[PDB]
Structures are given as C-alpha cells and as structure tokens.
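Given as structure tokens, the chain that follows is alone and in the form deposited in one PDB entry.
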C-alpha cells in the first residue's frame, strides 16, 4: 500500500478514461477517500480535459454531486492526484444485468438524479455522460453524480453544442448527425437520464448494438419498445417515452419531469 503524503493507497476500485481510482486511507483524518491517480506522460501524449474538470469540480457543492477535496499537483512529478469523498456503496448498478431495480428503488434514485442535474443545470454545467455507472450510491442510500471528464460549462440559459462526446448508448439522436449540427446541451442530459431510467428498471439499454453506425441508426430511427417482463406501470412508460422523445424540441424538460405523476406519487 504505497504512501502519498497523509494517504495510504489501498486496492484499485476502478479505472476512468485515464489513470486509476484507488481507495485511500487518510492518517490525519482516520477516514477513507477515493483517489484518482493520473500519469501526465500518458495525458501529454493523447489532457487539458483534466484542468477544466478540476475547475468545474471546485465550483460544485451539492449532496447529490461527488465532492473533490484536494488536488495534489507537483510540477516536478509525473503523477497528478485528485482526492474525492468516497461514495462507499459504488455504482447504483451494472448494465446489462438480469437483476434490475424495482420501480420503487428506481424512483428513489431518479428523484436524487433530478435534484443533482437541476443543480448542475443551475450552475451552468452540462454533464454529458449521465449513466448508471456514473451514479454512485452513498452511506445514506442516496446517489452522487460522478465523472465530469467530458462536461461543458456554458454562459447563457443553455449550451449550444456540436461535438459528439460521451457514451454512445446514452447519446441523443440530434447529436448523431453525419453533417455537423447544433443541439441543446440540456436536452442531451435529459435524454441520457431517460436511457438511465430505462436501465434502472429493465437492466439494459433501450438501443444496443456493438456496431457504432447500427447503434446510431437505431437511436435515430428505431421506435422505443418495452419488454413483456418486467411489467412496469403506465405512468413510468409515459415518462420514459417523453424523455426519449427523438425530437429535442418536444422532449420533456427538467421542470416538467419534477411535476410528472410517476415522480410526485
């Protein structure tokens, strides 16, 4: 267990895009943290993606958002460390899974997600990678939105984007055009919340293919189909359908989601 300042690094708990995430025990505090360990050699070969994320994380203080506690950036060392509050239960689920959440467990987490995304949208942040593996379950049973590695900070009431980033299964149709286009960033987040809620209760994504262009094609043009098992309520089917509206103009928005009967019952 390598020691770095006050911390003692224990097992790897996962990997992000670059580097590793390790459980870390703090000797000053007598408590555990999650430490993202990044190699600057490896980031200098392929980030400025690291320092924007850090600038975003420093602005963010909400019980449904992961908390960045400190950055250890030595100019004359290779490693850059990023220390987060540990969210001790890990992700809300693995996808695909044969054991999806119940409708009631899904609602609980979905309410937390609304609260978190609403905060993020209020702070003028589009997450751009909302999915179950980025939603970490804490001590209290609540979720914290994690991984701001591709998020975008905007000026104005919405972000107006053209670049395609994120996880393909949760990308909205308006973002998958062959020609360059411009699309609302908030509506992207909402579509991803809908694919997320679909996963919560069915344990798989609504559109899936290993082939990227077959996936894009289904996202853009395949109608939403619900399986026979599980049998989910019609109020839930309506909310998912409204979030996975392929037209970003008519797609439901976060203020409307909050007032939806599946949410408020």
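So that the term is clear: the rigid core is the largest set of C-alpha atoms that superpose within 1.5 Å between two forms. Residue numbers count along the first chain shown, from 1.
Asker: In at least a third of the other compared PDB entries, does residue 40 have no coordinates?
Answerer: Comparison shows residue 40 kept in all of the other entries.
Asker: None, 1 to 3, 4 to 9, or 10 or more: how many residues of the deposited sequence lack coordinates between residue 46 and residue 47?
Answerer: 10 or more residues lack coordinates between residue 46 and residue 47.
Asker: Please compare 69 to 77 with 118 to 126 and say which has the higher mean C-alpha temperature factor in the record.
Answerer: That would be 69 to 77.
Asker: So 1 to 9 or 255 to 263, which one's hotter by mean CA B-factor in the entry?
Answerer: The stretch with the larger average C-alpha B-factor is 1 to 9.
Asker: Per the entry, which of 211, 220, 62, 58 tops the list for Cα B factor?
Answerer: Highest C-alpha B-factor among the listed residues goes to 58.
Asker: Looking at the C-alpha B-factor values in the deposited entry, which of 189, 140, 112, 147 comes out highest?
Answerer: The listed residue with the largest C-alpha B-factor is 140.
Asker: Lowest, middle or highest third: which one holds residue 36 when the chain's residues are ordered by CA B-factor from the entry?
Answerer: Within its chain, residue 36 is a middle-third residue by C-alpha B-factor, going by the deposited values.
Asker: Sorting by Cα B-factor within the chain, modelled residues only, which third would residue 22 end up in: lowest, middle or highest?
Answerer: Middle third.
Asker: Ranking the modelled residues of this chain by C-alpha B-factor as given in the entry, is residue 215 in the lowest, middle or highest third?
Answerer: Ranked within chain, residue 215 CA B lands in the lowest tercile.
Asker: Using the B-factor values recorded in the entry, state whether the Cα atom of residue 104 falls in the lowest, middle or highest third among the modelled residues of its chain.
Answerer: CA B-factor rank for residue 104: highest third.
Asker: Compared with the other modelled residues in the chain, in which third is the CA B-factor of residue 97?
Answerer: Answer is highest: the recorded C-alpha B-factor places it there.
In what follows, reference is made to the form deposited in another entry, a form of this protein that is not presented.
Asker: Answer yes if the CA of residue 247 moves 2 Å or more between this form and the one not shown after aligning the rigid core, and no otherwise.
Answerer: Shift at residue 247: below 2 Å after core fit.
Asker: Superposing on the rigid core, is the CA of residue 178 displaced by 2 Å or more between this form and the one not shown?
Answerer: Yes, residue 178 moves 2 Å or more.
Asker: Quick one: core overlaid, is residue 18 moving 2 Å or more at the Cα between this form and the one not shown?
Answerer: Yes; that C-alpha moves by at least 2 Å between this form and the one not shown.
Asker: How does the CA gap of residue 149 and residue 180 change in the other entry versus this form, closer or farther, if it moves 3 angstroms or more?
Answerer: Compared with this form, residue 149 and residue 180 lie farther apart in the other entry.
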